[PDB]
Ligand SMILES: Nc1nc2c(ncn2[C@@H]2O[C@H](COP(=O)(O)OP(=O)(O)OP(=O)(O)O)[C@@H](O)[C@H]2O)c(=O)[nH]1
Ligand SMILES: Nc1nc2c(ncn2[C@@H]2O[C@H](COP(=O)(O)OP(=O)(O)OP(=O)(O)O)[C@@H](O)[C@H]2O)c(=O)[nH]1
Ligand SMILES: Nc1nc2c(ncn2[C@@H]2O[C@H](COP(=O)(O)OP(=O)(O)OP(=O)(O)O)[C@@H](O)[C@H]2O)c(=O)[nH]1
Ligand SMILES: Nc1nc2c(ncn2[C@@H]2O[C@H](COP(=O)(O)OP(=O)(O)OP(=O)(O)O)[C@@H](O)[C@H]2O)c(=O)[nH]1
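Chains as they are written, first to last, in the deposited numbering: chain F, 303 to 352; chain HJ, 1 to 427; chain IJ, 1 to 427; chain IK, 1 to 438; chain HK, 1 to 438.
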């Protein structure tokens, strides 16, 4: 069988078709090639220490 | 998101659609095998409007090919992009056409509608949210007329809330080849007006004249003429697929172009047409584009609107331009011919700017107009229909399949009403 | 644990199962010699539901072959997997059949029921605790209907606490080949309706139509038809043998399809059927599977339920799915045709999710249907009996055996009761 | 001391049970082996695990739960999983036959010979327990196995042990989605049996669980993994008071007394406010106010109920994390001043606050956010009666035409018990508006 | 404290909202990442950004504005811009269907299921706000989506919050240029719906802005980028009083009280005097005198109204930069001595002066000048009635010949609402006529 996707066509295939490992979550076109240094740090703003 | 599914019908539209489709793939850069060679993000981004995607990077067209004669389809299937189209989408009947409107409208269509309506509702369930349908066919074409008139009635009740785009070609006024064609036209255009909302009017005689005019290459192929008309349909679709502050929806345009319900018949208009030396003899500037854009010689659809006046004019511009030049060029034509519009509506121009230039040139545009130049068209057929209805020539065939002169009476009577209606509101 | 024991009867069920066990064995990956090639832990895991253990890693099929004629079994034993089949399980009669129901139900059966009963209980004692039994045969089969009717009666009192799965093929409506075939139908279905709890209905004409539609290969084998139905029986049995959050027990299912006792006849439904190009033209997506799952053309059992309505719907899904695409898809079809269900019961869907995909395709399913479409089936035969019982054709054979038309009187009376019964529940 | 016992009935109730212990072993840092590193936490089994685990001299944290099921596949499958060494094989009570979705079959045919063995586990777990505040029951109403078996055992644990709490948790039947039509039989059977013995029932619905995933979590296909992770966080949040402390400490005994107004009705609702996707909360802020605006927002609850179609009587918020009481009482006062929130005037105050300084942690390979200030909302309203009102018109038509009755009377039952429930459910419904009306 | 919430409706009004926020991030120096350098301005969110940005302890500046539109093309593309990480994903309210330039389609067909979403944003923005002096609405009269949607939204925000100010900024229709002929339809619909709820509307027109480009800025081929820069500068200057201080500080509330003479008519005109190309300003000098002659020069206004065709009522002069009252009060006194400046005698004084010491900076890659002394001229004059007078003779024609009526009545509307607007417009003109009469 053919290759699942051309090397540059994965992102739009994932975006247009959410079945990127079954119907998976895709973000916008902007973040498709961006670096993602997000999963390590925290989310909450802070705790105001008096 | 909002998508479009295409209909390919009539032995003509069998030709146009492939030419239309191969242009779009060449516009988007997909190889004939179907494996898109990704080069432009935006054409990658907005290919979903017309295509679904199979496994392995294969954009399947959402088009429906229907006919009766196999050899046309076999030639189409053996074409450069037949592999891109589906045997599922290859639907046909088990009979020859004979170029009879009613045989496909009453006899042959009866056992073929069930198949296609199932197919078109299958693809309807495949897609989520639609703008509507577009149909490529002819009004003077026997198989396209019979099936097209049938399906447009059927598609109305199933989805009366979509876009019923129609793309038909007017047969040559000087000679129709088909001598029963004025019967075929009158029957079809009768059914068309009630069921349609948009109609593209194209005549081939202008296309030959344009070939002598700017193509200058004496002996073309009809496919080249298809390459011309497809560019007109490509540009009006570049609005939807491409970004830029242009308002693209046909409804966005339809309410802008259509003043009143019965106005369905419209003329295209295309931008720079260039000959052998003029490609490097042309100073491609917005003023000279608008000049050639508003040239009575650039007319290709029916005839010169010089004999009448202009109800609605709308031109979409494609390339790296600005609001101001199109604005000043817009005001020039108002000052140029102020008297040749109607006092009914001033500022009858609608403008949309596609910032995405085509592949092969940068400065381009497309024009859609609703002028008062269609009177000559149906009045021509009026003398045709009357003289042939005068002595009911070639009638024993249509009485054989089950038709009567009474259907003809109201069809032309409806035609006569639209003759007056175009007359009163301008004259 | 809970296991399954099979019976193969009638010369069709000889060809039916023989494809069906090879389907099971190759799925589990055992060689023709019988030495299992250990590749999947889970298939080594739940093989015990159908196979017992011999010395050296050979899994004996726990099914018993019964017949009267040598040649049919001569093929299967000389067939690819006759070696894994048991000569101990090959019980047969020393007489021909004649395709006469009474001979197999009164004459030939008498000296063979003793042996088969002693056999089946021996494997019954070999195993611990069944779910029940399943049978491959034909209602239109001469020896299959004759033997099974006897055995189903005897097995009822022996073990009235298990599952009486029955898999019978309905003959071709247009031509039955056998001319006394309808007589066999009455004699079978009359006794079937009491003793059985589950019945599968299969027709070859649809299998032919399936071949023209999706197989598109013109000339198939009957083994191909055996392969198709084996895929159908395998799918419902993949539920029991394979993990995944699906509740698989037939009684877990049977209580979910059977609102009232007389509902024994059920129609199957299978998952993606593809053509020569569609394999690489198909995006294997949840909608198009379910769209193809609910296709009147993908129907294969008897006839189109469009003429009637749906009593219950139950489809089990095999592949790597989630609980929500199955959730949303039922809402789509529920809203699509809400009226074509019965107002007696809303929300008649019974879905199971098997996470262990098949070997060769990943995303699959199976559907079992109980609709209001069986009326035409026994209606069709009903005119035959009222006709051919008007003057009693072919009567001297059966009457010579000891048959009396009184038996026919109640058999038709019972079915005409079912005619109203199926009619009254929906109408 | 301060401990409890978890009960997980039916294979529907076990994969969720697997997840919570997977979650629970995380905050205690329990390695899949069953032992800590060289650090010192083991002893006579007395540390943070003593309320949840049983880490005796062997050094292995023994979970205080029984995973009982009647189909061996998944329970043997999870016995091939990751923490199966931690799990005790006969605390992983399996069954060889199912109930065919039939309440009575699981209540009469097979449960008799199994509950005694389960009782053996219960008493032999009871002896090693010291305080054992109560039981934690995970089940389902539309149980192919969960419904019938739970009913008989929750009677047997009630009759011998009628002096302690029993905490039950089940998925409510989806109002417009039903995998089968047997559930209206067994679910109403479960309701009438439980009410006179059940202590405090908490329901949830998966559709809204899915709905929130693609609302704020932005997940258009979650799984049981996430679904169990969400509810596992819920049961983790309510159990943080037993694990750690805060400004004040509360117990399930206080939960029962202060939540249920009157007998019979013991059906509050659970909600978690800081449910959000990964990337969202990073570039905003969450404080007491907006999460309190989020907590009581009518579309944030996992049960299909409109609070404006009912009236409030109880509301319990469980502030897990570091928050000062200042913004707490200020916010709820503004909530009290809110006119749309129509509490019943029978209760001037209806707010039970539980403060625990411990920040809720993430699960590795998870989808939740990493939040310090969190709240679990435990509240009851009379906007719930329409759910049973939905079920009764679902049930009344079907009983009139008596579908599937041959299945049930075939295995030895009759219609009198089915008759009992309809006026009992009528008894439930007329109680709801009478307490609803002033 | 001192803040507001900006509203950006219409794919016309979305790029302009980007540019001002782009312009805004320049003067306060926001890096596109979302955080300052190592320098300390982050905290509880209280600094120059607190009036516009919500830079919580995460350090990320959150614009207090919502971008709403109905086509995903541009919004997703600007979500592919440079500051999209700053922009909240679903404050970028996107849409999937258009109004097709139809006011009522954008007012009735699709508005219902979107306003609930944006109202959630508004309240969840309102709760975190402290003072929220009002709202900044960016829209357009000839709105394909601007017209219908803004009109519906400005209703509920008025009815639910009728105690705060509402700032309306929109492009006025071009007098003789018409890209669409349904534009007179929706425009008059917007006016009659907004005259009784809008607080203060401010109109601009493109043609004169283009005319300015090639007169003094010397650009015969500008773009939106410069166009949105100029109005982006315009709103930046009026918000400088919120940003920085001066000798005295003025607020929109004073603007409302001191500009609108009487109810209904709340339509002043804004003009910025130092609009000069870069190289011109070099070899020339700017002082209060000549720039004030320029601001009162008839052709300097961006709206096609003729000052000596009308009479003046109010005037606002926002001196942003280094100025002293001495030359300030002298120049305006000379204007009072000027005879061509014909104010209405009802107001002996009509001058509202605002000084701001902060000089208007240039923007990198821009086309403005190096301004040290600047002003926006906000004034209302009777010369505006001709524009609506242009509209009605435009409007009265096609209404007699009922062009495009089938489209609007096809989606469910009637001519009575088209009827009401004309005497409303007649009411304004006769109102405009009477107030012009002494
Ligand atoms: N394909 C094709 N069609 C042409 C060409 N020139 C004129 N036509 C006309 O296009 C019409 C449309 O084709 P169909 O609608 O498929 O015609 P039909 O229904 O099969 O019956 P006929 O019109 O008699 O051919 C034909 O009737 C031709 O008269 C050409 O060069 N190529
Ligand atoms: N094996 C087999 N059976 C078929 C085929 N096509 C139709 N059948 C029918 O399947 C039925 C079942 O076979 P059996 O029950 O074993 O037949 P029998 O009892 O020996 O007597 P007959 O039915 O008269 O053949 C037959 O009656 C055939 O009519 C086929 O291709 N192969
Ligand atoms: N609690 C729970 N429910 C699930 C899960 N997955 C699907 N469900 C739903 O919960 C229901 C489980 O009820 P039952 O099937 O009766 O469970 P049971 O009584 O233990 O018996 P089984 O049928 O073997 O599972 C199913 O109908 C599903 O719709 C899950 O992981 N956990
Ligand atoms: N405010 C603004 N207007 C623009 C810009 N560019 C062009 N325009 C004008 O603004 C008008 C846009 O109005 P509408 O077409 O009603 O905009 P909409 O209601 O958001 O919906 P669309 O029809 O899709 O644009 C156009 O007619 C242009 O003449 C721009 O960058 N900003």
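Here a beta-carbon is modelled for each residue, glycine too, at the ideal position from N, C-alpha and C.
Could you check where the beta strand (DSSP E) with residue i kicks off and where it finishes?
i, result
"residue 391 of chain HK", "Run containing residue 391 of chain HK: none in the beta strand (DSSP E); it sits in the alpha helix (DSSP H), 385-400."
"residue 404 of chain HK", "Run containing residue 404 of chain HK: none; DSSP gives neither H nor E here."
"residue 168 of chain IJ", "163-170"
Would you grab the beta carbon distance between residue i and residue j for me? Rounded to a whole angstrom, and I think it's under 8 Å.
i, j, result
"residue 9 of chain IJ", "residue 93 of chain IJ", "Not confirmed; about 12 Å, so no contact."
"residue 70 of chain IK", "residue 145 of chain IK", "5 Å"
"residue 302 of chain HK", "residue 238 of chain HK", "Actually they are not in contact, since the Cβ atoms of residue 302 of chain HK and residue 238 of chain HK sit about 15 Å apart, beyond 8 Å."
"residue 197 of chain HK", "residue 154 of chain HK", "6 Å"
"residue 364 of chain HJ", "residue 272 of chain HJ", "7 Å"
Tell me the residue span of the alpha helix (DSSP H) that contains residue i.
i, result
"residue 75 of chain IJ", "70-78"
"residue 241 of chain IJ", "222-241"
Using a Cβ-based criterion (distance less than 8 Å to any ligand heavy atom), does residue i qualify as near ligand 6?
i, result
"residue 71 of chain HK", "Looking at this structure, you won't find ligand 6 anywhere; what it does contain is ligand 1, ligand 2, ligand 3 and ligand 4."
Query raised in the report: Closer than 7 Å, Cβ to any Cβ of chain HK: which residues of the segment 284-298 of chain IK, in chain order?
Result: Those would be 284, 285, 289, 290 and 293, in chain order.
Requested in this report: Kindly confirm or deny that the segment 55-72 of chain IJ and the segment 86-105 of chain IJ touch, where touching means at least three C-beta pairs closer than 8 Å.
Outcome: A contact exists between the segment 55-72 of chain IJ and the segment 86-105 of chain IJ.
Query raised in the report: Going along the chain, which residues of the segment 119-144 of chain HK sit with their C-beta nearer than 8 Å to a C-beta in chain IK?
Result: Residues 123, 124, 127 and 128.
**Report entry** Touch test, the segment 95-105 of chain HJ against the segment 397-404 of chain HJ, Cβ-Cβ under 8 Å, three pairs minimum
**Finding:** As far as the Cβ criterion goes, the segment 95-105 of chain HJ touches the segment 397-404 of chain HJ, which means the pair count is three or higher.
Query raised in the report: Pairing CB atoms from the segment 330-343 of chain F with CB atoms from the segment 78-96 of chain HK, are three or more of them under 8 Å?
Result: In this structure the segment 330-343 of chain F lies against the segment 78-96 of chain HK, because at least three pairs of beta carbons, one per stretch, are closer than 8 Å.
Query raised in the report: Unbroken alpha helix (DSSP H) runs of length 4 or more, entirely within the segment 177-261 of chain HK: which are they?
Result: List check, alpha helix (DSSP H) in window: 183-194, 206-213, 224-238, 240-243 and 252-259.
Query raised in the report: Per the contact definition of three or more C-beta pairs closer than 8 Å, is the segment 102-117 of chain IK in contact with the segment 37-51 of chain IK?
Result: Contact annotation: the segment 37-51 of chain IK does not touch the segment 102-117 of chain IK, with fewer than three C-beta pairs closer than 8 Å.
Query raised in the report: Is the segment 388-408 of chain IK in contact with the segment 330-347 of chain IK, if contact means three or more CB pairs nearer than 8 Å?
Result: Taking a contact to require three or more Cβ pairs closer than 8 Å, the segment 388-408 of chain IK and the segment 330-347 of chain IK do not qualify as touching.
Query raised in the report: Is the segment 211-223 of chain IK touching the segment 312-328 of chain F in the sense that three or more CB pairs, one from each, lie closer than 8 Å?
Result: Cβ pair count under 8 Å is three or more, so yes.
Query raised in the report: What runs of the alpha helix (DSSP H), each 4 residues or longer, lie entirely inside the segment 360-409 of chain IJ?
Result: Here the runs fully enclosed are 375-388 and 395-401.
Query raised in the report: Got a sec: which bits of the segment 15-40 of chain HK sit with their beta carbon under 8 Å from any beta carbon on chain IK, in order along the chain?
Result: Within the segment 15-40 of chain HK, the residues whose Cβ lies closer than 8 Å to some Cβ of chain IK are 34, listed in chain order.
Report task. For the segment 30-53 of chain HJ, enumerate the residues whose C-beta is nearer than 7 Å to any C-beta of chain F, in chain order. Result -> Of all residues in the segment 30-53 of chain HJ, the ones placed with a Cβ closer than 7 Å to any Cβ belonging to chain F are 35, 36, 38, 44, 45, 48 and 53, in chain order.
Query - the segment 191-211 of chain HK touching the segment 304-321 of chain HJ, judged by at least three CB pairs closer than 8 Å - result: Note that the segment 191-211 of chain HK does not touch the segment 304-321 of chain HJ; fewer than 3 beta-carbon pairs, one per stretch, sit closer than 8 Å.
Query raised in the report: For the 8 Å Cβ check, are there 3 or more pairs between the segment 391-398 of chain IK and the segment 407-414 of chain IK?
Result: No: fewer than three Cβ pairs fall under 8 Å.
Report task. State whether the segment 281-288 of chain HJ contacts the segment 190-201 of chain HJ, with contact taken as three or more CB pairs (one from each stretch) at a distance under 8 Å. Result -> With the cut-off at 8 Å, the segment 281-288 of chain HJ and the segment 190-201 of chain HJ do not touch.
Requested in this report: Give the residues from the segment 311-330 of chain F that approach chain HK closer than 7 Å (Cβ to any Cβ), ordered along the chain.
Outcome: Along the segment 311-330 of chain F, going in chain order, the ones with a CB nearer than 7 Å to a CB of chain HK are 330.
Query raised in the report: Going along the segment 340-351 of chain F in order, which residues come within less than 7 Å of chain IK, judged by CB to CB distance?
Result: For chain IK, the residues of the segment 340-351 of chain F that bring a beta carbon within less than 7 Å of one of its beta carbons are 340, 344, 345, 346, 347 and 349, in chain order.
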